[PDB]
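K.L.:
Provided hereafter are the protein sequence and its experimental coordinates.
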Amino acid sequence: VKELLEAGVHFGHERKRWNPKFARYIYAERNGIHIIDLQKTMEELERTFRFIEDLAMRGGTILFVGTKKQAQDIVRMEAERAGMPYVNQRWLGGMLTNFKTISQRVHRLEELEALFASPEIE
RNA sequence: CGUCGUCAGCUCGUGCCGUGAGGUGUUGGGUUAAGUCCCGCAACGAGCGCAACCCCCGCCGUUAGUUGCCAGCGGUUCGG
Ligand SMILES: [Mg+2]
Ligand SMILES: [Mg+2]
Ligand SMILES: [Mg+2]
Ligand SMILES: [Mg+2]
């Protein structure tokens, strides 16, 4: 089931504007583009989900992020459809790193979310 | 109290960069009388200033009538 899907049309990307480090994950250069080695891909997918799974079963929250348009929307989906936090817009600086302070706004959100429905609006 | 000048400015908390002094925020794009507002952005917010909150001339109105007026009829020694 896996292979086919990928082999379908989900591999090989950026061309000639790479990074040599990532040379361990790549099959060849067809007509220009770098054809990533899926064979290896798979192997990695494993260990990855292993981790995900070995975490999704222990009450752990994950944070997804994708600020690029050719991938915004979807990320918005898969997140709500899992209750896992996420970032689709401008990934503020110091979120994780200055959480306590960024949170301050989250609180300001409800601060208004509440004043939204109220007689003080009169 | 006077001056730069009512000029649009000066800073702070945290995060981040930097050996550090210090940066970033407050560089960039449009606009404005304005650090005014917007959109951008390793920044996210905030304070003192700006503005607004205050008084005046303005339009109109309600209450109140010893200023006022043949304004309406009025008597009037002829000046409300
Ligand atoms: Mg700082
Ligand atoms: Mg340091
Ligand atoms: Mg500093
Ligand atoms: Mg200001």
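P.N.:
Noted; the coordinates are in hand. Numbers count the residues shown, from 1 in each chain, chains lettered A, B, ... in the order given. Ligands and ions are numbered 1, 2, ... in the order given.

K.L.:
so what's residue A:6 closest to, chain neighbours aside?
P.N.:
Distances taken as C-beta to C-beta, 6 or more residues apart in numbering put residue A:38 closest to residue A:6, at 5.4 Å, once the chain neighbours are dropped. Bear in mind the C-beta positions are built from the backbone N, C-alpha and C, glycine included.

K.L.:
cool, residue A:24 as well?
P.N.:
Spatial nearest neighbour of residue A:24, excluding adjacent residues (C-beta to C-beta, 6+ apart): residue A:40 at 7.6 Å.

K.L.:
and the one you found, that one's in a helix?
P.N.:
Yes: counting by DSSP: H, G, I helix; E, B strand; the rest coil, residue A:40 is part of a helix.

K.L.:
any idea how many residues pack against it?
P.N.:
The tally of other residues near residue A:40 (other C-beta atoms under 10 Å) stands at 13.
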